[PDB]
């Protein structure tokens, strides 16, 4: 439901969604059947207010899925996996991620144009980086990726002999405290939803840079803009458009209005990142980005350090190795997935150079 929160015009907001945002950053939505009262959180500040509040849970209205947990059990599991995303860990991983990116751009430059960038480059790249971060053994990566019992069997086996990566760390440091199913669940979230979001950022972000050739070249002239460019790209794309509802556990005042106990709040990251026409233009020279593309609060994207590193490496290397890159069809013909709660993405991206 609430399909209006996902209406777009290519990468931008649809007029119907812009009109909704004019009703304020916090919109009360009583259901027509009188079964519940829902809320739309559409503004940057209000979305952060909701997501930072302790007075909401993620009740429904799979083991190892942090998004389906509330404190204290959410805290318990997240604290065990968080060290895998430390700065020290990303620094040690960076050169290997660079090499994986180079592997896939090697394949791309050798196949010669054209290429379907989503299936042939972005997808495999994201899945291979995920395998490296997780520490998947080499002989299991091909099958694990093809699959996008096996997971439980894989998790139990790697749990017996801890290796490298996040999965080895967790099992090595929290062997008895995490089960096979929970480990498998941590792996699945990384290999499934996470790759979907990352691959979409890679493909749609490449399209976004191609539609702004001045900045495509600027990122090549000044690769130090990579970190800034990533923040602007994830803000502009908002591939994770809307969040699971947050239900108020008690009466709480948000954005000047009282959200009653039991009412559900739907945060629109898309609206929060894009509704403000001031400072909405795509501009990678912006030194600081105002966005909630990775969420906020206790459920803030645990993989943001990896996503930010991988995307920086990918975009900077791409613009450098393919200065002549261009869409093989007019940009206006690219197909985007119709409105849905699923990750936002294009369906294919034919490129040549």
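Positions refer to the first chain, counted from 1.
Per the record, residue 61 and residue 62 are separated by 10 or more deposited residues that have no coordinates.
The entry shows an unbroken chain from residue 111 to residue 112, with no unmodelled residues of the deposited sequence in between. Between 83 to 91 and 119 to 127, it is 83 to 91 that carries the larger average Cα temperature factor according to the deposited entry. Per-stretch averaging of Cα B factors for 243 to 251 and 173 to 181 places 173 to 181 on top.
Reading the B-factor column for the CA atoms of 207, 271, 147, 219 in the entry, the top value corresponds to 147. Comparing the listed residues 75, 192, 228, 257, the entry records the largest Cα B-factor for 192.
Ranked against the other modelled residues of its chain, the C-alpha B-factor of residue 264 as given in the entry falls in the middle third. Among all modelled residues in this chain, the alpha-carbon of residue 327 has a temperature factor (C-alpha) in the middle third. In the deposited entry, the Cα temperature factor of residue 70 places it in the middle third of its chain's modelled residues. Per the deposited record, the Cα B-factor of residue 26 falls in the middle third when ranked against the other modelled residues of its chain. Ranked by C-alpha B-factor against the other modelled residues of its chain, residue 287 falls in the highest third.
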